[PDB]
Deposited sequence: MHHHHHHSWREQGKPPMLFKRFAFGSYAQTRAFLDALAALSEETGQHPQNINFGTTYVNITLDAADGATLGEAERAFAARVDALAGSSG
């Protein structure tokens, strides 16, 4: 049990989707920088990232244990 907003599983070949919210552009930008660093280190890239000034939508495609662990590393970065 935790207090993070859940990742939603959807689509025929399943995907994990989550919308992260931030209080300002600077907080969104700082998170996107840490998310880029995470993908660069791991070689694991979400299938899609899209963002505005106060939100980041992330979609992870089925490679599973590894997808859930990457979603947990992203949740840890958000807070």
{"query": "Unmodelled intervals of the deposited chain, in order", "finding": "1-2, 66-70, 87-89"}
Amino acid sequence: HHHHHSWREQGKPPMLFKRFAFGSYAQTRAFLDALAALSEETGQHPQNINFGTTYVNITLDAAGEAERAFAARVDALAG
From here on, numbers count along this sequence of modelled residues.
{"item": "Entry-level comparison of average CA B-factors, 54-62 and 5-13, reporting the higher stretch", "value": "5-13"}
{"item": "Between 67-75 and 17-25 (mean CA B-factor, as deposited), the higher", "value": "67-75"}
